[PDB]
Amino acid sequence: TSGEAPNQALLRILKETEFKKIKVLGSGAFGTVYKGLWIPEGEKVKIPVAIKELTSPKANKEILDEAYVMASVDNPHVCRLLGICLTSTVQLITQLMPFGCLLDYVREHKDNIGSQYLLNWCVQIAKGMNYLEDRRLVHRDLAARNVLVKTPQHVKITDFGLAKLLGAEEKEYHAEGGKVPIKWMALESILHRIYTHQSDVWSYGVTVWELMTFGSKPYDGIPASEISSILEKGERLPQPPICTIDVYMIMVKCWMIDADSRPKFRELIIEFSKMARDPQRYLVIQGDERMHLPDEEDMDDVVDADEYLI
C-alpha cells in the first residue's frame, strides 16, 4: 500500500569475543557506558568503541528501538551504530567519543574555549539535526549532555531513546506519559505532548544557551512543574554575557510561541556559519585570541570508526 521507503539499513551483530579491554566509563539515567576495543576478526584493525546497556524485556525492547534508529543514520555529526551484541543483555556498540559529552567539556575547559569552537559546535549540531530532519526523525532529547566530543573540533549527536520517526505526510508526534526533559522542550510539547522538528529547534536553542553559558543549568532552581507557566508569561532564558545580540536573537527565535516562526535547522547552519567566519564579532570572550584546544601496544592497528567502513 501507501507509505514510506524500505528501510534497508544493515544491523550488524557482533561477537562478544571481538571486544577487549572493557572498562567502565560512566553510568546514569542513560544506563551504563563502557569503553573497549572492537577487533573484527580477520582484519588487522583495532577500533576504540563505547558500549551501552540499560535484563528486563522492557529494557531489551527499548535498547532495540534505539538500535533501529541509529542503524538508519549516517552523518558525520550523528553517532553511528557499529552494531549490537546479543549477550545476557543487549548492548549497543558505537564509535568511542574520547572527550565525553559537550556539557561536561565546556564546564571543564571554560577558560580555554574560544568563539571559534563555540560557533563551530553550533554549526555541527545544526548540521546533524538538519540531517535527522531529512530522515524525518524528531530527536526529542537534544541537549548539551547528548552531544559527544570526538575531538574538540568534531562533535556528534547521541542518545536516541526518545527519537521518533515521523511517517510521510505526518507532521507531529503525539507522545504519552513519561519522564521528559521539561527545561529543553517547546511549550507545545510541555502543554500538549506535541513534538516536531520545530520543537527540536527549541531544544537546539536551549543547547546553544548551555554552551554559551559554559554549561549553566537552564532555569537553575526552578521546579520543572513551573516551566510551563513561566514560558506562558513570556519569560525566556537570559542573554549570556559573551553573546552579542546577533547570537542571542537567534536563540530567542528558537523559543517563539509560533513553532513555524522558529528558524529551520538549515537556516541555523547558514547563520552560524557566517558568524564562525568572524567569531570575535559575535562572541565576546575574555582572552579569546589566546586559547588552544587539543594505549601503546594497540597503536599500530588502531583505526577510528570514521575510517572503518563496511
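Note that residue numbering begins at 1 and tracks the sequence as displayed. The term rigid core refers to the maximal set of C-alpha atoms that superpose within 1.5 Å between the two forms.
Put simply, when the other structures in 4 other deposited structures of this protein are lined up on the rigid core, the C-alpha atoms of 82-90 lie farther off than those of the other stretch, from 68-76 and 82-90. Looking at 191-199 and 172-180, the one farther from the shown form in 4 other deposited structures of this protein by average CA distance, after a rigid core fit, turns out to be 172-180.
Where the other entries of this protein model the residues before and after it, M291 is dropped from at least a third of them.
A chain break between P294 and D295 is present, corresponding to 10 or more residues of the deposited sequence without coordinates.
Where coordinates are absent for parts of the deposited sequence, a chain break appears; between neighbours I250 and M251 there is no such break.
Per the PDB record, of the two stretches 165-173 and 103-111, 165-173 carries the greater mean B-factor over its C-alpha atoms. In this entry, 296-304 shows the higher mean Cα temperature factor of the pair 14-22 and 296-304. Of the residues listed, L132, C122, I194, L148, the entry assigns the biggest Cα temperature factor to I194. Listed residues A50, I47, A259, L54 were ranked by CA B-factor as deposited; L54 comes out on top.
Among all modelled residues in this chain, the alpha-carbon of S273 has a temperature factor (C-alpha) in the lowest third. Per the deposited record, the Cα B-factor of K58 falls in the highest third when ranked against the other modelled residues of its chain.
Annotation for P152: CA B-factor lies in the middle third of the chain's modelled residues. Ranked by Cα temperature factor within the chain, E66 sits in the middle third according to the deposited record. For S225, the recorded CA temperature factor ranks within the highest third of the chain's modelled residues.
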